[PDB]
$ cat input22.txt   # compact mmCIF, N, CA, C and O atoms
# COMPACT_ATOMS: atom_id res chain seq x y z
N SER A 707 -112.37 122.03 78.17
CA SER A 707 -111.33 121.01 78.22
C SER A 707 -110.81 120.78 79.64
O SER A 707 -110.42 119.67 79.99
N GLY A 708 -110.79 121.82 80.45
CA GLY A 708 -110.39 121.73 81.84
C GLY A 708 -111.44 121.05 82.70
O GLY A 708 -112.57 120.83 82.30
N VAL A 709 -111.01 120.66 83.90
CA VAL A 709 -111.88 120.00 84.86
C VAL A 709 -112.46 120.97 85.89
O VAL A 709 -113.25 120.55 86.73
N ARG A 710 -112.12 122.27 85.84
CA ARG A 710 -112.55 123.18 86.90
C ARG A 710 -114.07 123.27 87.02
O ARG A 710 -114.62 123.31 88.13
N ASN A 711 -114.78 123.24 85.90
CA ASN A 711 -116.21 123.49 85.99
C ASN A 711 -116.94 122.30 86.59
O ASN A 711 -117.85 122.47 87.42
N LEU A 712 -116.57 121.10 86.18
CA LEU A 712 -117.12 119.92 86.82
C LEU A 712 -116.81 119.91 88.30
O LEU A 712 -117.60 119.40 89.10
N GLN A 713 -115.67 120.47 88.69
CA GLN A 713 -115.36 120.56 90.10
C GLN A 713 -116.36 121.44 90.82
O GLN A 713 -116.85 121.06 91.90
N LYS A 714 -116.84 122.49 90.14
CA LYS A 714 -117.87 123.31 90.76
C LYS A 714 -119.15 122.53 90.93
O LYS A 714 -119.80 122.63 91.98
N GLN A 715 -119.55 121.81 89.89
CA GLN A 715 -120.81 121.08 89.97
C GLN A 715 -120.79 120.10 91.13
O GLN A 715 -121.73 120.09 91.94
N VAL A 716 -119.83 119.17 91.13
CA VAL A 716 -119.89 118.09 92.13
C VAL A 716 -119.86 118.67 93.52
O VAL A 716 -120.49 118.13 94.44
N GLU A 717 -119.15 119.80 93.70
CA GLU A 717 -119.19 120.50 94.97
C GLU A 717 -120.63 120.86 95.32
O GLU A 717 -121.08 120.62 96.45
N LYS A 718 -121.31 121.54 94.39
CA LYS A 718 -122.67 121.99 94.64
C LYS A 718 -123.58 120.85 95.06
O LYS A 718 -124.33 120.96 96.04
N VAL A 719 -123.51 119.75 94.31
CA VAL A 719 -124.38 118.61 94.59
C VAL A 719 -124.14 118.11 95.99
O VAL A 719 -125.09 117.77 96.71
N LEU A 720 -122.88 118.01 96.38
CA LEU A 720 -122.60 117.44 97.68
C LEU A 720 -123.17 118.31 98.78
O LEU A 720 -123.81 117.80 99.71
N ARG A 721 -122.89 119.61 98.74
CA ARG A 721 -123.35 120.42 99.87
C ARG A 721 -124.86 120.45 99.95
O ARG A 721 -125.43 120.49 101.05
N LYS A 722 -125.54 120.38 98.80
CA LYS A 722 -126.99 120.27 98.86
C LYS A 722 -127.39 118.98 99.54
O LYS A 722 -128.40 118.92 100.27
N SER A 723 -126.62 117.93 99.32
CA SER A 723 -126.89 116.69 100.03
C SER A 723 -126.73 116.89 101.53
O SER A 723 -127.47 116.30 102.32
N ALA A 724 -125.76 117.70 101.93
CA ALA A 724 -125.57 117.93 103.35
C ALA A 724 -126.80 118.58 103.95
O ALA A 724 -127.22 118.25 105.06
N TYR A 725 -127.39 119.50 103.19
CA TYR A 725 -128.62 120.12 103.68
C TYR A 725 -129.74 119.12 103.80
O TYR A 725 -130.58 119.23 104.69
N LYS A 726 -129.80 118.15 102.90
CA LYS A 726 -130.82 117.11 103.09
C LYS A 726 -130.53 116.25 104.30
O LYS A 726 -131.46 115.63 104.83
N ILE A 727 -129.28 116.17 104.74
CA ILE A 727 -128.98 115.35 105.91
C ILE A 727 -129.33 116.09 107.18
O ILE A 727 -130.16 115.63 107.97
N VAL A 728 -128.69 117.24 107.41
CA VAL A 728 -128.60 117.82 108.74
C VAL A 728 -129.95 118.16 109.33
O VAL A 728 -130.13 118.12 110.55
N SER A 729 -130.91 118.52 108.50
CA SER A 729 -132.27 118.83 108.94
C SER A 729 -133.32 118.06 108.20
O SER A 729 -134.40 117.79 108.73
N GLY A 730 -133.03 117.72 106.97
CA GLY A 730 -134.03 117.14 106.11
C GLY A 730 -134.49 115.78 106.54
O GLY A 730 -134.36 115.36 107.69
N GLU A 731 -135.00 115.07 105.55
CA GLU A 731 -135.70 113.82 105.79
C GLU A 731 -134.70 112.68 105.71
O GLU A 731 -134.55 111.92 106.68
N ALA A 732 -134.08 112.49 104.56
CA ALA A 732 -133.27 111.30 104.34
C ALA A 732 -132.08 111.31 105.30
O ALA A 732 -131.48 112.36 105.56
N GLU A 733 -131.79 110.15 105.86
CA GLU A 733 -130.54 109.94 106.59
C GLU A 733 -129.37 109.54 105.70
O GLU A 733 -128.23 109.51 106.18
N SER A 734 -129.60 109.21 104.43
CA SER A 734 -128.53 108.79 103.54
C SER A 734 -128.93 109.14 102.11
O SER A 734 -129.66 108.38 101.48
N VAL A 735 -128.46 110.28 101.62
CA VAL A 735 -128.76 110.65 100.25
C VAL A 735 -128.15 109.67 99.27
O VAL A 735 -127.04 109.17 99.47
N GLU A 736 -128.89 109.39 98.21
CA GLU A 736 -128.53 108.45 97.16
C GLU A 736 -128.80 109.14 95.82
O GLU A 736 -129.93 109.09 95.34
N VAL A 737 -127.80 109.76 95.20
CA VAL A 737 -128.03 110.41 93.91
C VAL A 737 -128.28 109.34 92.86
O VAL A 737 -127.61 108.31 92.84
N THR A 738 -129.26 109.57 91.99
CA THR A 738 -129.52 108.74 90.82
C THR A 738 -129.75 109.67 89.64
O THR A 738 -130.14 110.82 89.85
N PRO A 739 -129.49 109.22 88.40
CA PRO A 739 -129.63 110.13 87.25
C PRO A 739 -131.01 110.73 87.11
O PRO A 739 -131.16 111.90 86.74
N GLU A 740 -132.02 109.95 87.42
CA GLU A 740 -133.38 110.46 87.45
C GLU A 740 -133.55 111.49 88.56
O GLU A 740 -134.24 112.49 88.39
N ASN A 741 -132.89 111.27 89.69
CA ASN A 741 -132.97 112.21 90.78
C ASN A 741 -132.32 113.54 90.49
O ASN A 741 -132.68 114.53 91.12
N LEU A 742 -131.33 113.57 89.60
CA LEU A 742 -130.33 114.63 89.61
C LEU A 742 -130.91 116.01 89.38
O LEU A 742 -130.48 116.98 90.01
N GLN A 743 -131.88 116.12 88.45
CA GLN A 743 -132.39 117.44 88.06
C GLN A 743 -132.99 118.17 89.23
O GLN A 743 -133.10 119.40 89.21
N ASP A 744 -133.47 117.43 90.23
CA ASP A 744 -133.89 118.01 91.48
C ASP A 744 -132.73 118.82 92.04
O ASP A 744 -132.83 120.03 92.21
N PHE A 745 -131.64 118.13 92.38
CA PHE A 745 -130.56 118.76 93.12
C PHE A 745 -129.94 119.90 92.34
O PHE A 745 -129.86 121.02 92.85
N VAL A 746 -129.48 119.64 91.12
CA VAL A 746 -128.71 120.62 90.36
C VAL A 746 -129.50 121.27 89.23
O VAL A 746 -128.92 122.00 88.42
N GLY A 747 -130.80 121.06 89.14
CA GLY A 747 -131.60 121.74 88.14
C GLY A 747 -131.55 121.12 86.75
O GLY A 747 -131.07 120.02 86.53
N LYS A 748 -132.06 121.89 85.80
CA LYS A 748 -132.33 121.52 84.42
C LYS A 748 -131.04 121.47 83.59
O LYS A 748 -130.06 122.12 83.94
N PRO A 749 -131.00 120.68 82.51
CA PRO A 749 -129.79 120.64 81.67
C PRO A 749 -129.46 121.98 81.06
O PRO A 749 -130.34 122.70 80.63
N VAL A 750 -128.16 122.26 80.92
CA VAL A 750 -127.76 123.55 80.37
C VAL A 750 -127.51 123.36 78.89
O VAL A 750 -128.25 123.89 78.06
N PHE A 751 -126.49 122.61 78.53
CA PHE A 751 -126.13 122.42 77.14
C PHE A 751 -126.88 121.23 76.60
O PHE A 751 -127.18 120.29 77.33
N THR A 752 -127.23 121.29 75.33
CA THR A 752 -127.72 120.10 74.67
C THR A 752 -127.24 120.05 73.24
O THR A 752 -126.76 119.01 72.78
N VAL A 753 -127.37 121.15 72.51
CA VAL A 753 -127.35 121.03 71.07
C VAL A 753 -125.91 121.20 70.60
O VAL A 753 -125.58 122.23 70.02
N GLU A 754 -125.04 120.26 70.95
CA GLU A 754 -123.63 120.33 70.54
C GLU A 754 -123.60 120.39 69.02
O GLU A 754 -124.46 119.78 68.39
N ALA B 901 -138.15 143.79 83.65
CA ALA B 901 -138.23 145.04 82.90
C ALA B 901 -139.27 144.95 81.82
O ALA B 901 -139.98 145.93 81.55
N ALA B 902 -139.41 143.80 81.20
CA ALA B 902 -140.44 143.67 80.19
C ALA B 902 -141.80 143.73 80.83
O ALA B 902 -142.75 144.19 80.20
N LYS B 903 -141.91 143.27 82.07
CA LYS B 903 -143.20 143.34 82.72
C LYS B 903 -143.58 144.77 83.00
O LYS B 903 -144.76 145.12 82.91
N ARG B 904 -142.61 145.62 83.36
CA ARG B 904 -142.97 146.99 83.69
C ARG B 904 -143.52 147.72 82.49
O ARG B 904 -144.35 148.62 82.64
N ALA B 905 -143.05 147.37 81.32
CA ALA B 905 -143.41 148.12 80.14
C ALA B 905 -144.71 147.66 79.55
O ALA B 905 -145.08 148.14 78.50
N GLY B 906 -145.41 146.71 80.16
CA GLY B 906 -146.64 146.28 79.55
C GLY B 906 -146.48 145.34 78.39
O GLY B 906 -147.40 145.20 77.59
N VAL B 907 -145.32 144.72 78.24
CA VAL B 907 -145.13 143.78 77.15
C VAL B 907 -146.03 142.57 77.35
O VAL B 907 -146.27 142.15 78.48
N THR B 908 -146.58 142.05 76.25
CA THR B 908 -147.47 140.89 76.26
C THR B 908 -147.03 139.85 75.24
O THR B 908 -147.85 139.15 74.66
N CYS B 909 -145.73 139.73 75.01
CA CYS B 909 -145.18 138.60 74.27
C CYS B 909 -143.69 138.74 74.39
O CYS B 909 -143.18 139.82 74.64
N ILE B 910 -142.97 137.66 74.15
CA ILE B 910 -141.54 137.77 74.32
C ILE B 910 -140.93 136.54 73.68
O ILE B 910 -141.57 135.48 73.60
N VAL B 911 -139.68 136.66 73.25
CA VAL B 911 -139.02 135.65 72.45
C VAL B 911 -137.63 135.51 73.01
O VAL B 911 -136.91 136.51 73.11
N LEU B 912 -137.22 134.29 73.31
CA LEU B 912 -135.93 133.98 73.90
C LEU B 912 -135.25 132.82 73.19
O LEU B 912 -135.92 132.02 72.52
N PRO B 913 -133.92 132.73 73.28
CA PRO B 913 -133.25 131.57 72.72
C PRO B 913 -133.75 130.34 73.43
O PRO B 913 -134.01 130.40 74.63
N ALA B 914 -133.91 129.23 72.72
CA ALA B 914 -134.42 128.05 73.39
C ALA B 914 -133.51 127.55 74.50
O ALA B 914 -133.99 126.97 75.47
N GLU B 915 -132.22 127.86 74.42
CA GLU B 915 -131.28 127.42 75.43
C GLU B 915 -131.56 127.98 76.81
O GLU B 915 -131.05 127.43 77.78
N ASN B 916 -132.33 129.05 76.92
CA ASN B 916 -132.68 129.61 78.22
C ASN B 916 -134.07 129.24 78.68
O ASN B 916 -134.48 129.74 79.73
N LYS B 917 -134.67 128.19 78.10
CA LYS B 917 -135.95 127.69 78.63
C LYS B 917 -135.79 127.20 80.05
O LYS B 917 -136.77 127.09 80.78
N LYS B 918 -134.57 126.89 80.44
CA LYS B 918 -134.30 126.51 81.80
C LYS B 918 -134.45 127.68 82.72
O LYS B 918 -135.35 127.68 83.57
N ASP B 919 -133.60 128.69 82.56
CA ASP B 919 -133.52 129.74 83.57
C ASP B 919 -134.85 130.46 83.70
O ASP B 919 -135.23 130.82 84.82
N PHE B 920 -135.57 130.65 82.60
CA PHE B 920 -136.80 131.42 82.70
C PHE B 920 -137.81 130.74 83.60
O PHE B 920 -138.62 131.41 84.23
N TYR B 921 -137.76 129.41 83.70
CA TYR B 921 -138.73 128.71 84.53
C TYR B 921 -138.34 128.70 85.99
O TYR B 921 -139.15 128.28 86.81
N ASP B 922 -137.13 129.11 86.34
CA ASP B 922 -136.82 129.18 87.76
C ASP B 922 -137.62 130.26 88.47
O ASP B 922 -137.80 130.18 89.68
N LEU B 923 -138.09 131.26 87.75
CA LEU B 923 -138.75 132.41 88.36
C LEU B 923 -140.08 132.04 88.99
O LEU B 923 -140.78 131.14 88.53
N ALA B 924 -140.41 132.74 90.07
CA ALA B 924 -141.66 132.50 90.80
C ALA B 924 -142.84 132.76 89.88
O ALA B 924 -142.81 133.69 89.07
N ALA B 925 -143.89 131.96 90.03
CA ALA B 925 -144.99 131.97 89.06
C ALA B 925 -145.68 133.31 88.94
O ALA B 925 -146.16 133.65 87.85
N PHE B 926 -145.79 134.07 90.02
CA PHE B 926 -146.46 135.36 89.91
C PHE B 926 -145.70 136.31 89.00
O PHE B 926 -146.30 137.20 88.40
N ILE B 927 -144.38 136.18 88.92
CA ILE B 927 -143.61 137.02 87.99
C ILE B 927 -144.00 136.70 86.56
O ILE B 927 -144.01 137.58 85.70
N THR B 928 -144.29 135.45 86.27
CA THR B 928 -144.51 134.99 84.92
C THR B 928 -145.96 135.10 84.47
O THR B 928 -146.25 134.87 83.29
N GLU B 929 -146.88 135.48 85.34
CA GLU B 929 -148.26 135.61 84.93
C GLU B 929 -148.44 136.73 83.92
O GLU B 929 -147.83 137.80 84.04
N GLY B 930 -149.29 136.48 82.94
CA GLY B 930 -149.64 137.47 81.95
C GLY B 930 -148.73 137.59 80.75
O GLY B 930 -149.06 138.37 79.85
N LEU B 931 -147.62 136.86 80.70
CA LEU B 931 -146.76 136.86 79.53
C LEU B 931 -147.13 135.69 78.66
O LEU B 931 -147.92 134.84 79.05
N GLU B 932 -146.58 135.66 77.46
CA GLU B 932 -146.84 134.58 76.51
C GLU B 932 -145.53 134.34 75.77
O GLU B 932 -145.26 134.98 74.76
N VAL B 933 -144.72 133.45 76.30
CA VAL B 933 -143.36 133.27 75.82
C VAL B 933 -143.33 132.41 74.56
O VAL B 933 -144.26 131.65 74.28
N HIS B 934 -142.27 132.57 73.76
CA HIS B 934 -142.06 131.76 72.57
C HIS B 934 -140.58 131.44 72.46
O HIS B 934 -139.83 132.20 71.87
N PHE B 935 -140.15 130.35 73.08
CA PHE B 935 -138.77 129.91 72.91
C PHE B 935 -138.52 129.51 71.47
O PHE B 935 -139.37 128.91 70.82
N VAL B 936 -137.32 129.81 70.97
CA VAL B 936 -136.94 129.50 69.60
C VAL B 936 -135.44 129.36 69.52
O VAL B 936 -134.72 129.90 70.35
N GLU B 937 -134.98 128.59 68.52
CA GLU B 937 -133.56 128.42 68.26
C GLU B 937 -133.13 128.92 66.88
O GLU B 937 -132.32 129.83 66.81
N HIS B 938 -133.64 128.36 65.79
CA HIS B 938 -133.26 128.86 64.48
C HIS B 938 -134.00 130.15 64.20
O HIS B 938 -135.14 130.32 64.63
N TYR B 939 -133.38 131.08 63.47
CA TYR B 939 -133.99 132.40 63.33
C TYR B 939 -135.28 132.38 62.54
O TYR B 939 -136.12 133.24 62.79
N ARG B 940 -135.45 131.46 61.58
CA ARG B 940 -136.64 131.51 60.72
C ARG B 940 -137.91 131.50 61.53
O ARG B 940 -138.90 132.13 61.13
N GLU B 941 -137.88 130.81 62.68
CA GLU B 941 -139.00 130.72 63.60
C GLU B 941 -139.50 132.12 63.90
O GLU B 941 -140.68 132.41 63.70
N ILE B 942 -138.59 133.00 64.32
CA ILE B 942 -138.96 134.34 64.76
C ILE B 942 -139.66 135.08 63.65
O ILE B 942 -140.53 135.91 63.91
N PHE B 943 -139.24 134.85 62.40
CA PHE B 943 -139.82 135.61 61.31
C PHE B 943 -141.31 135.33 61.21
O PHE B 943 -142.07 136.18 60.77
N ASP B 944 -141.72 134.13 61.59
CA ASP B 944 -143.11 133.76 61.51
C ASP B 944 -143.89 134.10 62.78
O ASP B 944 -145.12 134.03 62.76
N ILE B 945 -143.22 134.52 63.86
CA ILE B 945 -143.89 134.88 65.11
C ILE B 945 -143.96 136.39 65.28
O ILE B 945 -144.48 136.87 66.28
N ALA B 946 -143.55 137.16 64.27
CA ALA B 946 -143.61 138.60 64.34
C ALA B 946 -144.54 139.12 63.26
O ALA B 946 -145.60 139.65 63.56
N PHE B 947 -144.22 138.89 62.04
CA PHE B 947 -144.94 139.57 60.98
C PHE B 947 -146.34 139.02 60.74
O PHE B 947 -147.30 139.76 60.96
N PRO B 948 -146.51 137.78 60.26
CA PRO B 948 -147.82 137.32 59.76
C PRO B 948 -148.96 137.41 60.73
O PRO B 948 -150.09 137.19 60.34
$ encode --input "input22.txt" --output "structure tokens"
Amino acid sequence: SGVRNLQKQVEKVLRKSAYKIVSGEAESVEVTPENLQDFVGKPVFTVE
Amino acid sequence: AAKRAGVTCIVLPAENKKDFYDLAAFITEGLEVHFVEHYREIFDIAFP
């Protein structure tokens, strides 16, 4: 019910984007839903 | 630990099909995994 865990996720995604900037290839990361599993991995929950 | 003991099959909750695949491929060689969720599945992957 709290927002703390989503706060952890979006943090993680962003800093990984920073790693793609500072040395990596892209000069401007563009997250897309199809892209996402790359950055933050496989889905955790499914079977509510 | 299962690798050290010579295990050659293993059964996990389907919800962890994610984490098990993060492991480096050489760790996973020689096993034969069977992800499952409802218990009845397991009954048919042990006895018959």
$ axis_aligned_box --input "input22.txt" --around "stretch 913-930 of chain B" --padding-each-side "8 Å" --output "lines of an AutoDock Vina configuration file"
center_x = -140.3
center_y = 132.4
center_z = 81.8
size_x = 34.6
size_y = 27.9
size_z = 34.1
$ residues_around --input "input22.txt" --residues "residue B:936" --least-positions-apart "6" --cutoff "8 Å" --atoms "all atoms listed in the file" --output "JSON, numbers by chain"
{"B": [910, 911, 912, 913, 914, 915, 916, 917, 942]}
$ atom_distance --input "input22.txt" --atom1 "atom CA of residue B:943" --atom2 "atom CA of residue B:931"
19.5 Å
$ select_by_dssp --input "input22.txt" --residues "chain B" --states "strand (DSSP E)" --output "ChimeraX atom specification"
/B:910-913,933-936
$ closest_atom_pairs --input "input22.txt" --of "chain A" --to "chain B" --cutoff "8 Å" --atoms "only N, CA, C and O atoms" --output "Markdown table"
| residue | atom | partner | partner_atom | distance |
| --- | --- | --- | --- | --- |
| A:747 | C | B:918 | CA | 7.8 |
| A:748 | CA | B:918 | CA | 6.0 |
| A:749 | O | B:915 | O | 5.6 |
| A:750 | O | B:915 | O | 4.5 |
| A:751 | N | B:915 | O | 6.7 |
| A:752 | N | B:915 | CA | 7.3 |
| A:753 | N | B:915 | CA | 7.9 |
$ closest_residue --input "input22.txt" --among "A:754, A:719, A:707, A:713" --to "residue A:742" --atoms "all atoms listed in the file"
A:719
$ atom_distance --input "input22.txt" --atom1 "atom O of residue B:929" --atom2 "atom C of residue B:907"
8.4 Å
$ atom_distance --input "input22.txt" --atom1 "atom CA of residue A:737" --atom2 "atom CA of residue A:718"
12.8 Å
$ closest_residue --input "input22.txt" --among "B:904, B:909, B:920, B:946" --to "residue B:934" --atoms "only C-alpha atoms"
B:909
$ decode --input "input22.txt" --residues "stretch 908-924 of chain B" --atoms "N, CA, C and O atoms" --output "PDB file, in the first residue's frame"
ATOM      1  N   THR B 908      20.555 -34.279  -9.542  1.00  0.00           N
ATOM      2  CA  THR B 908      20.288 -34.246 -10.976  1.00  0.00           C
ATOM      3  C   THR B 908      18.806 -34.023 -11.254  1.00  0.00           C
ATOM      4  O   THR B 908      18.268 -34.528 -12.231  1.00  0.00           O
ATOM      5  N   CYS B 909      18.127 -33.277 -10.401  1.00  0.00           N
ATOM      6  CA  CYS B 909      16.795 -32.775 -10.695  1.00  0.00           C
ATOM      7  C   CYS B 909      16.460 -31.826  -9.578  1.00  0.00           C
ATOM      8  O   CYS B 909      17.029 -31.918  -8.503  1.00  0.00           O
ATOM      9  N   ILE B 910      15.494 -30.965  -9.799  1.00  0.00           N
ATOM     10  CA  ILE B 910      15.214 -30.012  -8.747  1.00  0.00           C
ATOM     11  C   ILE B 910      13.886 -29.367  -9.089  1.00  0.00           C
ATOM     12  O   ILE B 910      13.512 -29.274 -10.265  1.00  0.00           O
ATOM     13  N   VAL B 911      13.190 -28.883  -8.074  1.00  0.00           N
ATOM     14  CA  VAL B 911      11.827 -28.412  -8.207  1.00  0.00           C
ATOM     15  C   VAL B 911      11.738 -27.132  -7.410  1.00  0.00           C
ATOM     16  O   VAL B 911      12.085 -27.126  -6.228  1.00  0.00           O
ATOM     17  N   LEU B 912      11.242 -26.078  -8.030  1.00  0.00           N
ATOM     18  CA  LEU B 912      11.129 -24.758  -7.434  1.00  0.00           C
ATOM     19  C   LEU B 912       9.764 -24.142  -7.671  1.00  0.00           C
ATOM     20  O   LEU B 912       9.045 -24.548  -8.597  1.00  0.00           O
ATOM     21  N   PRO B 913       9.345 -23.202  -6.818  1.00  0.00           N
ATOM     22  CA  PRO B 913       8.096 -22.506  -7.081  1.00  0.00           C
ATOM     23  C   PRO B 913       8.227 -21.781  -8.394  1.00  0.00           C
ATOM     24  O   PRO B 913       9.304 -21.285  -8.709  1.00  0.00           O
ATOM     25  N   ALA B 914       7.155 -21.728  -9.177  1.00  0.00           N
ATOM     26  CA  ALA B 914       7.273 -21.058 -10.464  1.00  0.00           C
ATOM     27  C   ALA B 914       7.613 -19.585 -10.338  1.00  0.00           C
ATOM     28  O   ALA B 914       8.268 -19.031 -11.222  1.00  0.00           O
ATOM     29  N   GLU B 915       7.279 -18.972  -9.214  1.00  0.00           N
ATOM     30  CA  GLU B 915       7.558 -17.564  -9.011  1.00  0.00           C
ATOM     31  C   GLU B 915       9.032 -17.229  -9.017  1.00  0.00           C
ATOM     32  O   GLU B 915       9.368 -16.058  -9.187  1.00  0.00           O
ATOM     33  N   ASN B 916       9.916 -18.202  -8.817  1.00  0.00           N
ATOM     34  CA  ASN B 916      11.344 -17.956  -8.857  1.00  0.00           C
ATOM     35  C   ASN B 916      11.993 -18.384 -10.152  1.00  0.00           C
ATOM     36  O   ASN B 916      13.224 -18.287 -10.247  1.00  0.00           O
ATOM     37  N   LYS B 917      11.210 -18.564 -11.229  1.00  0.00           N
ATOM     38  CA  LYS B 917      11.806 -18.813 -12.543  1.00  0.00           C
ATOM     39  C   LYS B 917      12.653 -17.641 -12.985  1.00  0.00           C
ATOM     40  O   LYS B 917      13.504 -17.783 -13.859  1.00  0.00           O
ATOM     41  N   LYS B 918      12.409 -16.480 -12.411  1.00  0.00           N
ATOM     42  CA  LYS B 918      13.213 -15.326 -12.686  1.00  0.00           C
ATOM     43  C   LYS B 918      14.589 -15.485 -12.106  1.00  0.00           C
ATOM     44  O   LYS B 918      15.569 -15.562 -12.858  1.00  0.00           O
ATOM     45  N   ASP B 919      14.675 -15.559 -10.775  1.00  0.00           N
ATOM     46  CA  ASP B 919      15.980 -15.455 -10.140  1.00  0.00           C
ATOM     47  C   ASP B 919      16.889 -16.590 -10.572  1.00  0.00           C
ATOM     48  O   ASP B 919      18.091 -16.373 -10.752  1.00  0.00           O
ATOM     49  N   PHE B 920      16.337 -17.784 -10.789  1.00  0.00           N
ATOM     50  CA  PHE B 920      17.206 -18.901 -11.118  1.00  0.00           C
ATOM     51  C   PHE B 920      17.923 -18.674 -12.435  1.00  0.00           C
ATOM     52  O   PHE B 920      19.035 -19.168 -12.620  1.00  0.00           O
ATOM     53  N   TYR B 921      17.326 -17.904 -13.347  1.00  0.00           N
ATOM     54  CA  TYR B 921      17.968 -17.680 -14.631  1.00  0.00           C
ATOM     55  C   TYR B 921      19.003 -16.581 -14.584  1.00  0.00           C
ATOM     56  O   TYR B 921      19.725 -16.408 -15.568  1.00  0.00           O
ATOM     57  N   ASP B 922      19.089 -15.820 -13.503  1.00  0.00           N
ATOM     58  CA  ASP B 922      20.157 -14.837 -13.442  1.00  0.00           C
ATOM     59  C   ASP B 922      21.529 -15.487 -13.344  1.00  0.00           C
ATOM     60  O   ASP B 922      22.523 -14.858 -13.701  1.00  0.00           O
ATOM     61  N   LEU B 923      21.606 -16.721 -12.867  1.00  0.00           N
ATOM     62  CA  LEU B 923      22.880 -17.367 -12.611  1.00  0.00           C
ATOM     63  C   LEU B 923      23.648 -17.656 -13.895  1.00  0.00           C
ATOM     64  O   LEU B 923      23.062 -17.916 -14.945  1.00  0.00           O
ATOM     65  N   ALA B 924      24.975 -17.601 -13.791  1.00  0.00           N
ATOM     66  CA  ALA B 924      25.850 -17.852 -14.930  1.00  0.00           C
ATOM     67  C   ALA B 924      25.636 -19.266 -15.438  1.00  0.00           C
ATOM     68  O   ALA B 924      25.437 -20.188 -14.650  1.00  0.00           O
TER      69      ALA B 924
END
